[PDB]
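[1] Sequence first, structure after; it's an experimental one.
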Amino acid sequence: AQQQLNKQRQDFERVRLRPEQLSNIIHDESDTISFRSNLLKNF
Amino acid sequence: XXXXXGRXXXXXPXXXXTXXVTXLXXXXXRXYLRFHXXXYXXXXXXX
């Protein structure tokens, strides 16, 4: 019964390695940097 | 006719450098591994 261990590993890893999205993922600067607004300001 | 002394020579047809040769005697005159047995879920699964 090595398939049961594999199913358990799959269930664990699907929860562990799942990526966050449209949520607490909050980014720093250098991610939310608008190039257009800086170009306009410098113009 | 052409046979000579018991020899049967009869069956014969009768009718850069440019070397000359004598006639009648020519001489100059698939499968990719699945997870098990690949060494994980054999050290794992904290559930």
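    Sure thing, it's come through. Numbering: from 1, shown residues only, chains lettered A, B, ... in the order given.

[2] Could you report the neighbour count for residue B:36?
    Neighbours of residue B:36 under the rule other C-beta atoms under 10 Å in any protein chain shown: 14. Any C-beta I mention is one placed from the backbone N, CA and C, and that applies to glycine too.

[3] any idea which helix or strand carries residue A:3?
    Using DSSP states H and E, residue A:3 sits within helix A:2-16.

[4] quick check, distance from the next helix or strand after that helix to the centre of its chain.
    For helix A:2-16, the succeeding helix or strand toward the C-terminus, using DSSP H and E, is helix A:35-42. Chain-centre distance of helix A:35-42: 28 Å, with C-alpha atoms, centre = their mean, to the nearest Å.

[5] Near chain B, which residues of chain A? Just list them.
    Within chain A, the residues that sit near chain B (C-beta under 8 Å from any C-beta of the partner chain) are A:2, A:3, A:5, A:6, A:8, A:9, A:11, A:12.

[6] So for the helix holding residue A:3, what gets flagged as buried?
    A:6, A:9 (16 or more other C-beta atoms under 10 Å in any protein chain shown).

[7] now that helix, how far from the chain's geometric center?
    22 Å.

[8] ok, the one residue in chain A that gets nearest to chain B to residue A:15 distance?
    In chain A, the residue that lies nearest chain B is residue A:9 (4.0 Å; C-beta to the nearest C-beta). In this view, residue A:9 and residue A:15 are 11 Å apart by C-beta to C-beta, to the nearest Å.
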